[PDB]
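To start, the structure itself, in structure tokens.
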Amino acid sequence: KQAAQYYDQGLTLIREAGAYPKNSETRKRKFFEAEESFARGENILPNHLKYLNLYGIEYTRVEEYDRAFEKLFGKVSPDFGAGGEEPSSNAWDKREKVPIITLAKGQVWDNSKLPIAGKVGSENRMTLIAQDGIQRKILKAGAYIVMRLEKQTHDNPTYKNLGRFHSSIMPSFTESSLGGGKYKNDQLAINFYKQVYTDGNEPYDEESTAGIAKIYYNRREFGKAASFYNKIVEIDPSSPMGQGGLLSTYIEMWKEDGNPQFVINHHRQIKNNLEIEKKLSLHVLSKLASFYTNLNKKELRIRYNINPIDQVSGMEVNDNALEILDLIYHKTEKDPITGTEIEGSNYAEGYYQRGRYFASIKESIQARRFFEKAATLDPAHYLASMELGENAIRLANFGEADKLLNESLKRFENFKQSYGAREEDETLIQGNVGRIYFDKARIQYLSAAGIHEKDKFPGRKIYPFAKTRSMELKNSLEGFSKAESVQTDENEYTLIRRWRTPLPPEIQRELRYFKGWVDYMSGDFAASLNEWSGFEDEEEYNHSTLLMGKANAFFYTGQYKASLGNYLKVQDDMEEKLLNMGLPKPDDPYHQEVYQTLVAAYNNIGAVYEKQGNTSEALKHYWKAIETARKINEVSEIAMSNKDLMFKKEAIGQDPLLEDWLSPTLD
């Protein structure tokens, strides 16, 4: 249609305006042009339900909720709950029931009674009355008004779009601090979806059931959300909306309890017996890729009694992620709401999930390429920018990493108010911005520990100091504090606060080690022991850097017996590793780690023996440290001094020297 051409032009102008900040000259200009195009299309085909609905959704997606409501519903004076001395229960944010509207007694529909600029209609226009008995003048004929009073019909896409509108989760839509809260009403949203089943004569409309389910999903009531998705599949099991909704819900429960039985077993049922894996949405498919990348695969058989390899598909759980990510790239998807299609080759979240998979399997060049693509396709994808910053940290490009991490911060602050307008926003909502603070503080920490862009051993052989090096470490602790302060920050938007996933164990472990290392290098050995004592059961008596740092601090606090235990354990581990390796190679960095640690443990074992009065085993162990060092073309000046000074001590209680260097990282 010619009207449809003007209507389409206005939808494009609304999408175009979305790339401009609110209150900007271009944003206002593009909306004015969109409404002029709408008026051209209205002068040809007025009261167009499809176009009234499309304008309402595009406006909603660009956070123009007043504009959206005048399109999806209309404008009445006085509006619901807005009239003088009119109860607040009638308002859009308080009412439960959908307004059952009829025109005034003895009144018929006339297009000339709509105050349009070109209409110039009479002073007597139209009046609608809802179950409240209040007479309201119709200023704008939106979709809901057009369907009930002009067409005298019940349009289900209209009811469903109203259900999606009133149930939106965007912070600008809900937070009163942003001007929102006016149209937020989940009870009223459920009641617009329920109108399809009865007045809309469609009792098993899956879009209405999935709409109600998504409302409970967003309230984190995954149990109720599961019932409604299961109600869709009780009727039609091949439904990608029902099965997809179930898979999405099981993934959220899995994040909460660590149990993958339901996600894995349901995905296999969906793939091998239903054959609807390809039919699942780009968003559901991306969540499943994320699941497979994050899953503990080595636990499955013993801990959860799940076969790590499929029976019908014959595929290990590490192959599932790539297959799913590949499916995303070649998939094309029509938007169920607007009808506009998305090519998987332009889907940013899919690329981000792909970069995460390649990062998980140590393909960092490949991972960098996909994170760069995600960040470009979506200027709001702050997690792709954070992962790019983390990749630059690994490569020792701290100046580039800082710049990327500041982009990550600006991306979060610039778009968070719209979180929830797209399904892809769940990734952004569920991310922790405290991780960006941890990464920034991890750069400030390495810079204080002498690690720079040229240190990409002996860079990790850092000795406890002397004056300025203890200063720049203690300042980096404030950055590690902001990182922890974010998860507990009650200042953030309700949506981000209730969905913000806490800092992962691997970062928490690094955080404890980093804090303890600053105490250790500053001479606060007791504080480092109190910090490192919290370390997990399996990692306490396992990591050699931790065992060494703890033993050094034990010696410095008089706990000679406790230190001996850790050094002896490290000695056994380093002598064990020595059987796997052959000839000592100084150029090789792994030989440098093993031999250098073994030198420290030998001398330190000798130091403990000296303190206990075992001159023989003290001298033997200093000699062991001296000879071990010579094997990698090195000298332990500390062990040479302990050996030469054994009976040449010049003060009472003069302790032997420790080879007390310590790696700034637990790698």
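Residue numbering restarts at 1 in every chain; chains get A, B, ... in the order shown in the structure tokens, and ligands count up from 1 in that same order.
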Please identify which residues in stretch 312-461 of chain A DSSP calls strand (DSSP E or B) from the backbone, and express them as a compact mmCIF listing (two decimals) with N, CA and C atoms, in the first residue's frame.
# COMPACT_ATOMS: atom_id res chain seq x y z
N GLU A 316 30.41 -35.32 22.78
CA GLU A 316 30.90 -34.88 24.10
C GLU A 316 30.36 -33.47 24.38
N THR A 332 18.81 -17.30 10.53
CA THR A 332 18.12 -16.06 10.26
C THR A 332 16.81 -16.13 11.06
N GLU A 333 16.40 -14.99 11.64
CA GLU A 333 15.24 -14.99 12.51
C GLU A 333 14.32 -13.81 12.31
N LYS A 334 13.03 -14.07 12.07
CA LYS A 334 12.06 -12.98 12.00
C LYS A 334 11.69 -12.59 13.45
N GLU A 341 13.78 -9.07 10.42
CA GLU A 341 14.67 -10.20 10.61
C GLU A 341 16.10 -9.86 11.03
N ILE A 342 16.69 -10.79 11.79
CA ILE A 342 18.05 -10.70 12.29
C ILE A 342 18.88 -11.85 11.70
N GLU A 343 19.98 -11.49 11.02
CA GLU A 343 20.90 -12.46 10.46
C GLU A 343 21.90 -12.77 11.56
Considering only C-alpha atoms, tabulate each residue of stretch 22-58 of chain A that lies at most 12 Å from stretch 410-427 of chain A along with its nearest interatomic pair and the corresponding distance in Å to one decimal; arrange the rows by chain and ascending residue number and present them as a tab-separated table.
residue	atom	partner	partner_atom	distance
A:22	CA	A:414	CA	11.6
A:57	CA	A:421	CA	10.0
A:58	CA	A:421	CA	10.1
Neighbours of residue A:564 within 10 Å (only C-alpha atoms; same-chain residues fewer than 2 positions away dropped), as an mmCIF file with C-alpha atoms, in the first residue's frame?
data_model
loop_
_atom_site.group_PDB
_atom_site.id
_atom_site.type_symbol
_atom_site.label_atom_id
_atom_site.label_comp_id
_atom_site.auth_asym_id
_atom_site.auth_seq_id
_atom_site.Cartn_x
_atom_site.Cartn_y
_atom_site.Cartn_z
ATOM 1 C CA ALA A 551 55.816 -20.825 55.033
ATOM 2 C CA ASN A 552 57.912 -17.639 54.666
ATOM 3 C CA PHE A 554 55.390 -18.608 59.365
ATOM 4 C CA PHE A 555 59.221 -18.350 59.714
ATOM 5 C CA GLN A 559 56.229 -20.576 63.659
ATOM 6 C CA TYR A 560 59.292 -22.549 62.459
ATOM 7 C CA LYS A 561 57.481 -25.901 62.685
ATOM 8 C CA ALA A 562 54.504 -24.747 60.586
ATOM 9 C CA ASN A 566 54.953 -26.242 53.765
ATOM 10 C CA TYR A 567 58.589 -26.137 52.535
ATOM 11 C CA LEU A 568 58.856 -29.950 52.848
ATOM 12 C CA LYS A 569 55.623 -30.333 50.861
ATOM 13 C CA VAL A 570 56.908 -27.956 48.144
ATOM 14 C CA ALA A 601 62.693 -24.380 49.572
ATOM 15 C CA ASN A 604 64.474 -22.148 53.720
ATOM 16 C CA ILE A 605 64.421 -25.759 55.062
ATOM 17 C CA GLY A 606 68.029 -25.148 56.147
ATOM 18 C CA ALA A 607 67.020 -21.814 57.842
ATOM 19 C CA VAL A 608 64.352 -23.612 59.938
ATOM 20 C CA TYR A 609 66.985 -26.272 60.922
#
Run DSSP on the backbone and tell me which residues of stretch 277-468 of chain A come out as helix (DSSP H, G or I); list them as a PyMOL selection string. chain A and resi 282-294+300-303+317-330+344-346+348-360+364-377+382-394+398-418+425-429+434-448+467-468
Got a sec: who's within 12 Å of residue A:15, counting only C-alpha atoms, leaving out chain neighbours fewer than 2 positions off, as a PyMOL selection string? chain A and resi 8-13+17-20+27+30-31+34+54-64+338+340
Can I get the selection written as a tab-separated table (two decimals), in the first residue's frame, with N, CA and C atoms?
chain	number	residue	atom	x	y	z
A	8	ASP	N	5.86	2.77	6.97
A	8	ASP	CA	7.15	2.09	7.08
A	8	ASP	C	8.30	3.08	7.27
A	9	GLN	N	8.23	4.22	6.57
A	9	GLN	CA	9.21	5.31	6.63
A	9	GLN	C	9.30	5.88	8.05
A	10	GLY	N	8.14	6.03	8.69
A	10	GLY	CA	8.04	6.52	10.06
A	10	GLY	C	8.59	5.54	11.07
A	11	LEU	N	8.45	4.23	10.82
A	11	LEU	CA	9.02	3.21	11.70
A	11	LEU	C	10.55	3.24	11.65
A	12	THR	N	11.11	3.51	10.46
A	12	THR	CA	12.54	3.60	10.21
A	12	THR	C	13.11	4.82	10.93
A	13	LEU	N	12.39	5.96	10.89
A	13	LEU	CA	12.78	7.20	11.56
A	13	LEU	C	12.78	7.04	13.07
A	17	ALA	N	16.13	7.42	15.26
A	17	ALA	CA	16.17	8.32	16.42
A	17	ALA	C	16.73	7.65	17.67
A	18	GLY	N	16.62	6.33	17.76
A	18	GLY	CA	17.11	5.55	18.88
A	18	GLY	C	18.60	5.63	19.11
A	19	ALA	N	19.36	5.96	18.05
A	19	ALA	CA	20.81	6.12	18.17
A	19	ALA	C	21.22	7.53	18.62
A	20	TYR	N	20.27	8.31	19.18
A	20	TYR	CA	20.50	9.66	19.66
A	20	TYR	C	20.02	9.78	21.10
A	27	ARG	N	17.03	13.70	17.85
A	27	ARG	CA	16.04	12.75	18.33
A	27	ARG	C	14.61	13.28	18.18
A	30	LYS	N	13.68	13.59	14.38
A	30	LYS	CA	13.34	12.31	13.76
A	30	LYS	C	11.98	11.78	14.19
A	31	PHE	N	11.52	12.10	15.41
A	31	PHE	CA	10.21	11.67	15.88
A	31	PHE	C	9.10	12.50	15.21
A	34	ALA	N	8.74	11.15	11.77
A	34	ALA	CA	8.06	9.85	11.86
A	34	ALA	C	6.55	10.05	12.01
A	54	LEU	N	2.89	-1.60	15.60
A	54	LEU	CA	4.32	-1.46	15.27
A	54	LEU	C	4.89	-0.14	15.82
A	55	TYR	N	4.14	0.99	15.71
A	55	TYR	CA	4.65	2.26	16.27
A	55	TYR	C	4.78	2.20	17.77
A	56	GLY	N	3.83	1.56	18.43
A	56	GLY	CA	3.88	1.38	19.87
A	56	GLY	C	5.09	0.58	20.34
A	57	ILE	N	5.47	-0.48	19.60
A	57	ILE	CA	6.62	-1.31	19.97
A	57	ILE	C	7.93	-0.64	19.69
A	58	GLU	N	8.08	0.00	18.51
A	58	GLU	CA	9.32	0.70	18.20
A	58	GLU	C	9.60	1.83	19.20
A	59	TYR	N	8.55	2.59	19.56
A	59	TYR	CA	8.63	3.66	20.56
A	59	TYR	C	9.02	3.10	21.91
A	60	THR	N	8.41	1.99	22.33
A	60	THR	CA	8.75	1.32	23.59
A	60	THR	C	10.24	0.95	23.64
A	61	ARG	N	10.75	0.42	22.52
A	61	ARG	CA	12.13	0.00	22.37
A	61	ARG	C	13.14	1.16	22.37
A	62	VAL	N	12.68	2.37	22.08
A	62	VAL	CA	13.52	3.55	22.12
A	62	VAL	C	13.17	4.44	23.38
A	63	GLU	N	12.56	3.80	24.41
A	63	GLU	CA	12.17	4.35	25.71
A	63	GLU	C	11.27	5.56	25.63
A	64	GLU	N	10.37	5.55	24.65
A	64	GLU	CA	9.42	6.62	24.48
A	64	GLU	C	8.08	6.02	24.84
A	338	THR	N	7.81	-7.46	15.73
A	338	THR	CA	7.83	-6.50	14.62
A	338	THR	C	7.89	-7.14	13.24
A	340	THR	N	10.70	-7.84	11.71
A	340	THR	CA	12.01	-7.51	11.14
A	340	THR	C	13.02	-8.63	11.44
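Once residue A:282 and its same-chain neighbours fewer than 2 positions away are set aside, residues 278, 279, 280, 284, 285, 286, 287, 288, 324, 325, 327, 328, 329, 331, 332, 333, 342, 343, 344, 347, 349, 350, 423 and 424 of chain A remain within 10 Å of it when counting only C-alpha atoms.
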Would you output that residue set with C-alpha atoms, as a short mmCIF file (atom, residue, chain, number, x, y, z; two decimals), in the first residue's frame?
data_model
loop_
_atom_site.label_atom_id
_atom_site.label_comp_id
_atom_site.auth_asym_id
_atom_site.auth_seq_id
_atom_site.Cartn_x
_atom_site.Cartn_y
_atom_site.Cartn_z
CA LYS A 278 17.39 -25.44 14.99
CA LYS A 279 13.90 -23.94 15.61
CA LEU A 280 15.01 -22.41 19.01
CA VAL A 284 17.78 -19.26 23.61
CA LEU A 285 20.53 -20.77 21.46
CA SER A 286 23.04 -18.25 22.83
CA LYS A 287 22.10 -19.03 26.46
CA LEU A 288 22.68 -22.75 25.70
CA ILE A 324 25.31 -24.38 18.91
CA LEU A 325 27.47 -21.28 18.21
CA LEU A 327 23.97 -22.85 14.32
CA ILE A 328 23.60 -19.22 15.58
CA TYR A 329 25.92 -17.81 12.87
CA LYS A 331 20.48 -18.79 11.41
CA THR A 332 18.12 -16.06 10.26
CA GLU A 333 15.24 -14.99 12.51
CA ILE A 342 18.05 -10.70 12.29
CA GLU A 343 20.90 -12.46 10.46
CA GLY A 344 23.07 -14.50 12.84
CA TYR A 347 24.09 -11.02 16.00
CA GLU A 349 25.54 -11.70 21.54
CA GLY A 350 26.27 -14.80 19.45
CA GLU A 423 16.25 -10.37 25.04
CA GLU A 424 20.12 -10.04 24.62
#
Which neighbours of residue A:447 fall inside 9 Å, counting only C-alpha atoms, when residues of the same chain fewer than 4 positions from it are skipped, and could you give them as a list in words? residues 398, 442, 443, 451, 452, 472 and 473 of chain A
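Using only C-alpha atoms for every distance, the candidate list A:94, A:48, A:154, A:498 yields A:498 as the residue closest to residue A:432.
The spacing separating atom CA of residue A:544 from atom CA of residue A:456 amounts to 21.6 Å.
With only C-alpha atoms as the atoms that count, the residue of A:619, A:44, A:640, A:471 with the shortest distance to residue A:449 is A:471.
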Residue A:372 surroundings by only C-alpha atoms, 9 Å radius, close-in-sequence under 2 positions cut, as an MDAnalysis selection string: chainID A and resid 351:352 355 367:370 374:377 384:385 388
N, CA and C atoms of the current selection, written as a PDB file, in the first residue's frame:
ATOM      1  N   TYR A 351      28.262 -13.606  18.760  1.00  0.00           N
ATOM      2  CA  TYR A 351      29.701 -13.392  18.590  1.00  0.00           C
ATOM      3  C   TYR A 351      30.407 -13.320  19.943  1.00  0.00           C
ATOM      4  N   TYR A 352      29.783 -12.656  20.935  1.00  0.00           N
ATOM      5  CA  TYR A 352      30.303 -12.550  22.297  1.00  0.00           C
ATOM      6  C   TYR A 352      30.403 -13.942  22.930  1.00  0.00           C
ATOM      7  N   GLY A 355      33.314 -15.762  21.283  1.00  0.00           N
ATOM      8  CA  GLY A 355      34.580 -15.296  21.842  1.00  0.00           C
ATOM      9  C   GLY A 355      34.863 -15.905  23.202  1.00  0.00           C
ATOM     10  N   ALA A 367      39.472 -15.565  19.855  1.00  0.00           N
ATOM     11  CA  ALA A 367      38.594 -15.004  20.876  1.00  0.00           C
ATOM     12  C   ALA A 367      38.573 -13.483  20.762  1.00  0.00           C
ATOM     13  N   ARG A 368      39.751 -12.848  20.612  1.00  0.00           N
ATOM     14  CA  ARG A 368      39.871 -11.401  20.468  1.00  0.00           C
ATOM     15  C   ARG A 368      39.063 -10.897  19.259  1.00  0.00           C
ATOM     16  N   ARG A 369      39.142 -11.610  18.127  1.00  0.00           N
ATOM     17  CA  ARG A 369      38.437 -11.265  16.897  1.00  0.00           C
ATOM     18  C   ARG A 369      36.917 -11.264  17.092  1.00  0.00           C
ATOM     19  N   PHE A 370      36.391 -12.263  17.807  1.00  0.00           N
ATOM     20  CA  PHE A 370      34.954 -12.361  18.046  1.00  0.00           C
ATOM     21  C   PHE A 370      34.477 -11.344  19.052  1.00  0.00           C
ATOM     22  N   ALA A 374      31.636  -8.428  18.402  1.00  0.00           N
ATOM     23  CA  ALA A 374      30.496  -8.229  19.287  1.00  0.00           C
ATOM     24  C   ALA A 374      30.416  -6.750  19.723  1.00  0.00           C
ATOM     25  N   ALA A 375      31.547  -6.168  20.151  1.00  0.00           N
ATOM     26  CA  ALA A 375      31.631  -4.784  20.596  1.00  0.00           C
ATOM     27  C   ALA A 375      31.262  -3.787  19.490  1.00  0.00           C
ATOM     28  N   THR A 376      31.506  -4.145  18.239  1.00  0.00           N
ATOM     29  CA  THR A 376      31.181  -3.294  17.100  1.00  0.00           C
ATOM     30  C   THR A 376      29.705  -3.425  16.691  1.00  0.00           C
ATOM     31  N   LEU A 377      29.200  -4.659  16.660  1.00  0.00           N
ATOM     32  CA  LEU A 377      27.810  -4.900  16.312  1.00  0.00           C
ATOM     33  C   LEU A 377      26.880  -4.290  17.355  1.00  0.00           C
ATOM     34  N   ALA A 384      31.869  -7.541  26.190  1.00  0.00           N
ATOM     35  CA  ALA A 384      32.823  -7.815  25.116  1.00  0.00           C
ATOM     36  C   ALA A 384      34.044  -6.886  25.264  1.00  0.00           C
ATOM     37  N   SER A 385      33.811  -5.621  25.681  1.00  0.00           N
ATOM     38  CA  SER A 385      34.859  -4.635  25.901  1.00  0.00           C
ATOM     39  C   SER A 385      35.714  -4.983  27.114  1.00  0.00           C
ATOM     40  N   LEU A 388      37.909  -7.865  26.126  1.00  0.00           N
ATOM     41  CA  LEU A 388      39.000  -7.330  25.310  1.00  0.00           C
ATOM     42  C   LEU A 388      40.084  -6.694  26.192  1.00  0.00           C
TER      43      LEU A 388
END
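Nearest residue to residue A:439, choosing from A:209, A:305, A:176, A:408 and counting only C-alpha atoms: A:408.
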Any idea what the distance is between atom CA of residue A:289 and atom CA of residue A:353? 6.7 Å
